Structures are given as C-alpha cells and as structure tokens.
C-alpha cells in the first residue's frame, strides 16, 4: 500500500467510525505498539474517547480522537475492517478497538510489520514518525524546484531518491517504477545526471500518476489501477508503447521493472 491505497482506505473508513466512542482495546501482538511502549498504557488512554476524524500524511493513517491522535503505518500486509463484536475474528487479527455500540475496528497484518504510535493532537506533527516527513505530492509544497534542490546534491540513483520519504511523501516501488517509465528515465541513473527538462517532466508524471491511481481506488497487486500499469510486474512481457520485452533487475536494493528502449 502506497499513497493511493492508503488514501482510498481513508475515504472508505471514515464514515464507518466517525462519532463512535471507544470502550476497550485489545492487543494480541505487542511489538506492533511503538508508543507508549507499554501496550497496557496505550490501551487505557484511549478508553472513553470519541472518533472525531481521520486524515492522511504520506503513507500514514492519522486517527483523530478527543485529545489524542493515533498514527498507523500498514507496511506490507496491514489492513483494517469494521464489524459486529458478536462475530468471530478473521485470522491474523492483532489489534481490535471495541466501541460502545457493539461494533469494532479490526486490524490484520499477516507478516506483522505494521506500527502504531499515539500522542496528544498538537504533538503528533512534531514527533516521530511524522516529524521528518516531506511535502505532499498533490500539493503546492511539492514542485519541480523542490525536487531539484535534492537531486543536484547526491550520487545515488534517481529511484533511490524517490523512495525516500523525507524528499517527497507517499511514493513506493510500484509508483516510482511507473513514474520513471512515463518520464522516459532509467531508474538506475544518477539523480544529479538529470537535466532541468527531465526534472520538470518527472515532477509532472508523478503528479499525474498519483492522481490517476487515486481516482481508481488504487492497484490490486499481490481496486482497478493495476490494469493501467506499464512496467510493474510485467517481466518478459511486450511493452505497451514499443513492444520490447519488459526487463527486471535490481536497483537501490529493490526489484525494478523498466523498458530498455523507452527509458534512457
């Protein structure tokens, strides 16, 4: 899940929990709770608070309660669902919040990588993990200029620069490869070796890609945007623009898909 997936979850979950008051919280896999460290304290501070709103910052979901904010990261398998407290839980359910009306919010995560933090509202943006986070791609904060300042100062690949959440928030393996394809730029190339015409071009393809994926409810990998993917997950398949077999190597320590003729 990247910005489009996390943003879709946000729009689809808010109306199912707004106004509900928390009555109890249960943890079946402690390590998921990062702050406060003691999972018993995390559970007790939320009791009695009402869900007032739900926001997003990069790839993080930000639950807004009475005085606190709950910060949740889904990593690779994390998923949410609301249901009746009288029915059986699905497997791999590690954290559950029970509301005073008999319903509950369930969090599942097969690999157990997800994380959760909670702080008073006014302190959330000044502390980890949201503190040293970059600007939103669909906002004036992100521009061709703000993308150059960072590129003209490093040897690392251009893909390695886009995966970094401090540079720009929200992009992942799927949308980084797609964006670089639409811009005609090889992923393994140096960030400093990019011209101005390329920078602006890359900025424009990232905005148009993230925007499109959102209007389609994200992509279903592992939702209808996966039908619009050009390179991701298409090793040894004819390119949609030129017909050259898509290739797959390894850049920045991650699997990488690209077209050898279209990108350069």
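Positions refer to the first chain, counted from 1.
Could you tell me whether residue 211 lacks coordinates in at least a third of the other compared entries whose models cover its neighbours on both sides?
Counting only entries that model residues on both sides, residue 211 is resolved in every one of them.
So residue 221 is built in this one, but is it left out in a third or more of the other compared PDB entries that include its neighbours?
Affirmative; at least a third of those entries omit residue 221.
Checking chain continuity here. Are there deposited residues lacking coordinates between residue 222 and residue 223, and if so is it 1 to 3, 4 to 9, or 10 or more (or none)?
Per the deposited record, the segment joining residue 222 and residue 223 lacks coordinates for 4 to 9 residues.
On mean C-alpha B-factor from the PDB entry, just flag whether 81 to 89 or 102 to 110 is the higher one.
Mean B over CA atoms: larger for 81 to 89.
Which wins on mean Cα temperature factor, 184 to 192 or 167 to 175?
So the stretch with the higher mean C-alpha B-factor is 184 to 192.
Take the CA temperature factors straight from the PDB entry and tell me which of 198, 55, 40, 68 peaks.
In this record, 198 carries the highest C-alpha B-factor of the candidates.
Have a look at 145, 95, 120, 116 and flag the one whose Cα has the highest B-factor in the entry.
Top of the list by C-alpha B-factor: 145.
Is the Cα B-factor recorded for residue 22 in the lowest, middle or highest third of its chain?
It falls in the bottom third of the chain.
Please place residue 246 in the lowest, middle or highest third of its chain by C-alpha B factor as given in the entry.
Lowest third - that is where residue 246 ends up once the chain's C-alpha B-factors are sorted.
Against its chain's modelled residues, does residue 156's Cα B factor rank lowest, middle or highest third?
Highest third of the chain for residue 156's C-alpha B-factor.
By the recorded C-alpha temperature factor, relative to the other modelled residues in its chain, which third is residue 216 in?
It belongs to the middle third of the chain when residues are ordered by C-alpha B-factor.
Of the three thirds of its chain by CA temperature factor, lowest, middle or highest, which one includes residue 50?
As the PDB entry reports it, the C-alpha B-factor of residue 50 lands in the lowest third of its chain.
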